[PDB]
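Form deposited in one PDB entry, single chain, as structure tokens, below.
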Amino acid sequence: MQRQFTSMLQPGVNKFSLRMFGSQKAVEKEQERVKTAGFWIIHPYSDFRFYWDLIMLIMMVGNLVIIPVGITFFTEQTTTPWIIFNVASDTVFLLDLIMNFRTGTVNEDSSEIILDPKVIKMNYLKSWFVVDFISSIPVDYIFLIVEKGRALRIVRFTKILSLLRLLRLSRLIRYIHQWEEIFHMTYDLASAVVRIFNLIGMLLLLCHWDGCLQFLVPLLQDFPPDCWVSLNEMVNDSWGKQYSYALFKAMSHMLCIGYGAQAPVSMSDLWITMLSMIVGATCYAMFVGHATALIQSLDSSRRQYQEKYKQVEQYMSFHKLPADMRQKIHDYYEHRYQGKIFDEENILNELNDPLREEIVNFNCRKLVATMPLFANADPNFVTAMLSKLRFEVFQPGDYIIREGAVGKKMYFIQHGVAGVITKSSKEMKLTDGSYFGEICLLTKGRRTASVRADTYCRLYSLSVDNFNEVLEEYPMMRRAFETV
């Protein structure tokens, strides 16, 4: 029905279009846009364009493998099975040429998709149409028909024309790039992994085509007596032995492992071998470049923690700190960050208000809810107070607060054992989940006791400056703080 026919050719409401246009009402504006651009236009982000390009990619990967083998290793392509393959492929590649006059273009400025038929047509003619045309039509068969109005020169010149089909590769590169840009904003892709697998496919294809070229240049010269096919005495072999040898010869040149059975002798074999070496050595260097970029993407977190740490070593070196002070700093960094590099202030600033209060409640509510000052309070005050907590780590034997020093912060133990000490009492231990320093909120001057970390304390602190800032916004709580 025409409802499904026009539904297929407009950008459907899905994961990708919602993220590209911003809302279902933005998608439904772009739909209305194409539904009024002209008759039977195709949006680049349509399901029809997806499924067509998926058929094209399966056609192209098949033709670019089979075509140079069929031209090189078989005596003629005028038999029925080869006529059927080449006519069936060429009509599909000609439908694709026609649909490119119907399909809108994504703009480099992300502006409103080009959908006027006169601009979609005019931009294709100024770009890919000539390369897409001469690789779509059966140029070898129309030339052969024009010749019907010696045979072994025509049967050889048509092989060179028959390879104009290899320019389909330009559509393969273009249509792969367009669907990778779409799957990137859909499926959470590592860019270096995607670029590695595209290059491996291209390298295997170049090796395959060089393999055909190694035999094709001898074939077009009628296998002269100084070429590798004559020297290895394999002109009369089956197509599968000839192909396997030619592929082995190409792969040997391109990996720079050797020449095949012997070094070249004829001028054609010299220059085809040197071409293969230069192309293969260039392609291997690009592969090593991609492998290096993939490997650097894979331990970036560890690299970055080591760069951070090595700047801490530079600081201690510049100040000439003693070896036991350096070990104490190193030991603090390992307990405080646990090998992880992140910047908490940047990460929390990038979030929204719902995500920040959800993270803060997960970290801190199980600590602060147990304290009698907060067990009485309204949740919208508690969430505001928990956002002022600062995480601190202390090593064994550190004084967290000293008796007689001025109080400025309270502390809540997440982990580790502390101990409070005074001349008037025993050394009372405090453990994971407890709190201390609380009196500093509601006083001035001296702390009454010393608190010292017995194990590695992990703890949250609240300062008087922040506790007062969070009570300027809650006057109904300040009266209870002065009365409990």
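We call the rigid core whatever largest set of C-alpha positions still superposes within 1.5 Å between the two forms. Throughout, we count residues from 1 along the sequence that is shown.
Same protein, other form: the form deposited in another entry, not shown, and the subject of what follows.
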Original post:
Of 376, 78, 300, 262, which one has a Cα that moves 2 Å or more between this form and the one not shown once the core is lined up?
Top reply: 376
**OP:** Return yes or no for residue 437: a CA shift of at least 2 Å between this form and the one not shown, with the rigid core superposed?
**Re:** yes
Original post:
After the core is matched up, is the C-alpha of residue 427 off by 2 Å or more between this form and the one not shown?
Top reply: yes
Original post:
Aligning on the rigid core, do we see the C-alpha of residue 414 shift 2 angstroms or more between this form and the one not shown?
Top reply: yes
